[PDB]
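Have a look at the structure below, then the notes.
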């Protein structure tokens, strides 16, 4: 939130280039968390395609015969949809040990 | 951008101030004149894109002197120096200064009489038109994270 | 592919919308006109094969303005800017956008009068026709192995 | 070798099948025609020896269209595409296929009227004539060896 | 089918859009070692790593590079940046973006000019990792 | 008699047909050692191995090379491919095909563009063994 | 927007204005060392210093360089100078000046002429520190 | 008097006439060592041997080189050949033939083609001894 | 203001005027060593000496160089000469003369000619000390 | 079977020293030098040897990122007490057949480098040692 709400709310125009810049910033933040071994590696940040599709369908947009790139380029007024994928390691809670005589 | 009409008007005004002979733009008037008339025209324009939004322009501007009465060639040689004294480094058109890369002049005979041809080239970078959509500032940012 | 007739029609339509003077394609009509007529033609086309199925095309398109009444050269200089304002980056022909590599313009005298010549080049890749035989999917594959 | 008459005949036959207007080879006939006639000729041939027995040939073939009646330039632009549709990659002359290296087309005015000029070049290797003496097989070989 | 033309190229450096950019280029060069295996005539190779290399070329509109790195270079601390390149030709079907990270510049050009020539600046750089956005 | 023109060239890479290909080239370079034999002025050579080298040049229509090798190069595992080249000029009597196996690419080009220039990509490679199909 | 042309270039050397100057150039080249870190394919670099290089090109109007350095070079003491370069194109918005300090010249040209050719002199130099005046 | 033109050139390789041949070249390069003798300013040389070098250039009409050497190169045995070159210009007075023996080829070209370009193959080689037939 | 043209150039060699001279050139190249001082990023240099180099280019009117140095070179004793260069363009304000002493020539050209080409001779040389007369 | 890709690369190794992973490691090497005595047996020309023991030797080279080596032994050496450490080396190449791990025990270091630097040169520290025992963990 100190990256998102502090600067990118109400101070930056909502254009696809700025969306890409915000995505890059978030990914660069996640790299530091990965390097401290808090989460696992290979964490991806990208545009939430399904939520954006639903919001576009909510208004008067014919989603047919539109390119996926054309869908992503659409300007969703003043709202941004993003989706992240991160992995967290759980503690040991089950053990299955086998012994051969 | 910058309009060619403005450049032609600026050059014509300079010539009007610095010379007493008449200045014409179309061939019919110089044909109908009694003698010692100028002629101003833009010879050619070349546009090349050097960046996404800007072009590079080279404009060649031609000035002609046609003395009709006899024994006025010495007047042409006098006028050459006065023309040289004006277009040395740059000219100012619409609060913008454009460089003059080189000067060229030649004395050749056209039809039955000799004429003086004074040319020079302007080089400057100019921007093409574009239409930009306006977006409102970011207000709400949704970030959902999962596996 | 893409037809030259469509490109010419698109340019003629643009000129019709943006200018009030008449547009002609043939010499006799511009000769018979009373004055201030346009002329549009495709100067040259060069085709070069860059891949097995595609060619590379460079098309040079010429626009001419011939003002018949006297003292209309200033109108020509005005019209040059309006022509420049339209053909900056690309044009759309049959849901396809073709780049404009460079612009060229020159003012020269033809026959007894001066004319304006506005040209530009389009560059795009296009595919040649071919006939492909249809085969049915593989159903039986025989493989016999020996010494 | 391969004869130029055969190439010209093949091109003339293709044009006859694909177009309804008449095709002529000599200037007198196209002058005497009432309108909308073709003209086919071989522009130039360049021969260069690349090997002992073979030459390299570059043949430029010219096709002309001269519409006499008024308001047939749009027909010229229509015919350009149909001509383009035929000569894409290669042509077959006497069970041999010759490549088409590049295409060129230009619209210029000749005498008082505008004409369309469609050209392309063929490239192929060809063999010169030679006379070879016939020898009989070896029957007796004498080899005497000494100091 | 059309091939993307480089006229439609945009570059973001350190979060700021670079208005003047003539060309951009970034490449990854691999490191290989020759290995000869007994009984085989052909020689095989083993891959050991890679290096990132590239350069920019931009007109001398302003003094960007100095304001970027000049004082920090003297002080003894070397800064690292991130650059984004976008290529979107309208004729082509889709666009392409790349994020290049951990950039370090090879040199700095204080001044360079000649009579009758517009100024140009080219600055090579080396990078370590890249990330891909809007794949075609 | 006619010599085959390179316009009629097709390339298959990793089982997929490469629609855009400007040129293809593959060569085998031998390794020789100088040996001097007593009593002979002329110097002889002994053949001790060979190396396979080549390159491709294709227009920048899509991001093929990245989807091929980008993530695996970072991970630390190098992939190998098989490429097939076919040259069939209709004027010539027959066709020719070659299978090149165990291909490894020398570098990767993330992005390269310039104003007014269509993009081109060339990627050298090294191979070990080849197989021949439809020999003329 | 316009890019500055080098026609509007002036140079001050040792406190004296150089009337004839065809071009001026000064650059800072960095020194880097390759460092390989265990567990990473990409190779990183460490910045260890920099070098200053440049040159001048001026017409052979007078014997300036000799009067500057000739006798001191023979004697055994090498002088150091300060040079100022100014670039102010009227079309562009602002001007730019740089002070280059601790200059040492690489060579001295006694005489050089050819039939039908106007004389030109170019003298490379190396510098250590720079200062910036009137940044853009 | 006339100088022979290379148009009238024929080549026999391994007992088979090579129909397509653009040029042929064979040279003998000597090995010399510098020797300095006391009391003499001029430096003399001693001849210690020679090397044979040359190349061929021929159009890509057929797959000759592969059928010649391909399988044997992989197997591990290098073949040697004999080539005969004849130059007989009708304008000149006589003809010239040379037999080149113990030929070994430097490399093998599997495939090489480009759009709009007829294929050409050039193969360098090294030889040891030569014999002369029909000297002029 | 005018820049001196090289058409007005005269050369005196060994006290004799050289009538035919196409160009003359003499330069002093300094020797520097890199020195790194603790606590400073910029690298400094120390001047440790210099070398004098130059060359002449003159038409092959006569056999001057042989009569100068030929027999003495064979005998084993190398001669040294003094050359004077004068550059006096009437348009320019003043003249310039330089005396170059302790000249030694690098090579000797016995003969060199080709069909349809006028002969030219160029002889590089190395010098130690110079003296200046009529400084502008 | 045998292929070029199977050869292990040194970039993929890592080293644990006293239970703490060392990230700034350049190379690691361990070896065991056997002791053999020549014995001449009557009636046979070829000499034969008898094995009596082994000696362990090795070294570690690492970038001079931090003063790690001082904190381990600097104060203890002056007082007269010698510490013993345990090192674990793991070599995990994705292309090769898995990974091999070895534990080297009873390590005693040969020298301590207080300071070593030169103008214009990056810093490196190499420390040789001797050991006595070893274990095999996940050998290929």
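Protein chains in written order, with the entry's author numbering: chain f, 254 to 354; chain j, 1 to 147; chain b, 1 to 147; chain n, 1 to 147; chain h, 7 to 142; chain E, 7 to 142; chain c, 7 to 142; chain Y, 7 to 142; chain J, 7 to 142; chain d, 3 to 142.
For every residue, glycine included, the Cβ atom is placed at its ideal position computed from N, Cα and C.
Which of helix, strand or coil DSSP assigns to residue i
i	result
residue 78 of chain Y	helix
residue 71 of chain J	helix
residue 139 of chain j	coil
residue 106 of chain j	strand
residue 123 of chain h	strand
residue 305 of chain f	helix
residue 91 of chain E	strand
residue 274 of chain f	helix
residue 50 of chain Y	strand
residue 16 of chain j	helix
residue 5 of chain n	helix
residue 283 of chain f	helix
residue 315 of chain f	coil
residue 28 of chain J	coil
residue 323 of chain f	helix
residue 6 of chain d	helix
Of the listed residues the options, nearest to residue i (C-alpha basis)
i	options	result
residue 98 of chain J	c:60, c:125, c:7	c:125
residue 141 of chain h	h:111, h:94, h:117	h:94
residue 115 of chain n	b:22, b:147, b:42, b:38	b:42
residue 114 of chain Y	Y:51, Y:41, Y:44, Y:71	Y:71
residue 46 of chain h	d:6, d:92, d:59, d:53	d:6
residue 87 of chain j	j:94, j:142, j:77, j:61	j:61
residue 66 of chain n	n:98, n:79, n:3, n:46	n:79
Partners in chain n for residue i, counting only beta-carbon separations shorter than 9 Å
i	result
residue 14 of chain Y	52
Residues near residue i in its chain [Cβ-Cβ closer than 6 Å; skip 5 each side]
i	result
residue 83 of chain b	118
residue 63 of chain E	28, 29, 128
residue 67 of chain Y	26
residue 35 of chain b	68, 69
Partners in chain c for residue i, counting only beta-carbon separations shorter than 8 Å
i	result
residue 124 of chain d	39, 41, 52, 54
Within chain E, the residues that residue i reaches when beta carbons sit closer than 7 Å
i	result
residue 69 of chain Y	102, 141, 142
residue 58 of chain Y	48
Chain E contact residues for residue i, given Cβ-Cβ distances below 8 Å
i	result
residue 65 of chain h	The contacting residues do not exist; residue 65 of chain h stays about 11 Å from chain E at best.
Where residue i meets chain n, residues with beta-carbon distance less than 7 Å
i	result
residue 26 of chain Y	51
Contact list for residue i against chain Y, beta-carbon separation under 9 Å
i	result
residue 11 of chain E	119, 121, 122, 123, 124, 125
residue 93 of chain E	66, 117, 119, 125
Residue i CB to nearest heavy atom of the ligand SAH below 7 Å
i	result
residue 109 of chain d	No copy of the ligand SAH occurs in the structure displayed, which carries no ligand at all.
Contacts around residue i, its chain only, beta-carbon distance under 7 Å, and the 5 residues preceding and following it disregarded
i	result
residue 56 of chain J	34, 35, 36, 37
residue 119 of chain J	125
residue 100 of chain d	142
residue 37 of chain j	21, 22, 24, 30, 66
Beta-carbon contacts of residue i that lie in its chain and below 8 Å, excluding the five residues immediately before and after
i	result
residue 137 of chain d	104, 105, 107
residue 47 of chain n	55, 56, 57
Interface residues of chain f facing residue i [CB-CB closer than 9 Å]
i	result
residue 158 of chain j	Absent from the model: residue 158 of chain j. The displayed extent of chain j is 1 to 147, so no value can be given.
Residue i: contacting residues in chain E (beta-carbon distance under 9 Å)
i	result
residue 102 of chain n	Result: empty, since nearest Cβ-Cβ is about 11 Å, beyond 9 Å.
Review point. If you scan the stretch 24-101 of chain b from start to end, which runs of the beta strand (DSSP E) of 3 or more residues do you find wholly inside it?
Key: 37-49, 54-66, 90-93
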